[PDB]
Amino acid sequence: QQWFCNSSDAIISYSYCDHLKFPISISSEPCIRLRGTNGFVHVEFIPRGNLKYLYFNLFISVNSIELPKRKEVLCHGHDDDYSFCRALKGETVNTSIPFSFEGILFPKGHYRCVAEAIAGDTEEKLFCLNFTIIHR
């Protein structure tokens, strides 16, 4: 739904979770190649809460097999690395995040990853994405 791109070895799309449809625009330049990619994530949204303590709950399934729940912290709340950790509830966020990954072997098939963004100070969900990766 919300956004799709296909790279040399991957079809990558996402949509909002069924239980949470708060809007957010996330794109990738270039389209993620699972063999290894350097680039930027483009994020553009108005958060429903402060990002001072932003972290994520990641629920990953690989070829329909469930991986254990993960928790990943982006903003620790003190001298954080990203400018958007300063953003407040209702403030426009438009940013490009450099990312890079290589050297990992991804299994063939399709993965599901729902990423749930939480404001750690309120424990309230800010948004929720439902990624769908196809590795060919």
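Note that the rigid core is defined as the largest set of C-alphas that superpose within 1.5 Å between two forms. We number the residues from 1 along the sequence you see.
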| query | finding |
| --- | --- |
| Stretch with larger C-alpha RMS deviation in 5 other deposited structures of this protein, core superposed, 28-36 versus 102-110 | 102-110 |
| Of 25-33 and 101-109, the one with larger mean CA B-factor | 25-33 |
| 14-22 versus 113-121 - greater average Cα B-factor per the deposited record | 14-22 |
| Deposited CA B-factor, highest of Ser61, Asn38, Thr92, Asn50 | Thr92 |
| Ranked C-alpha temperature factor of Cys75 among modelled chain residues, by third | highest |
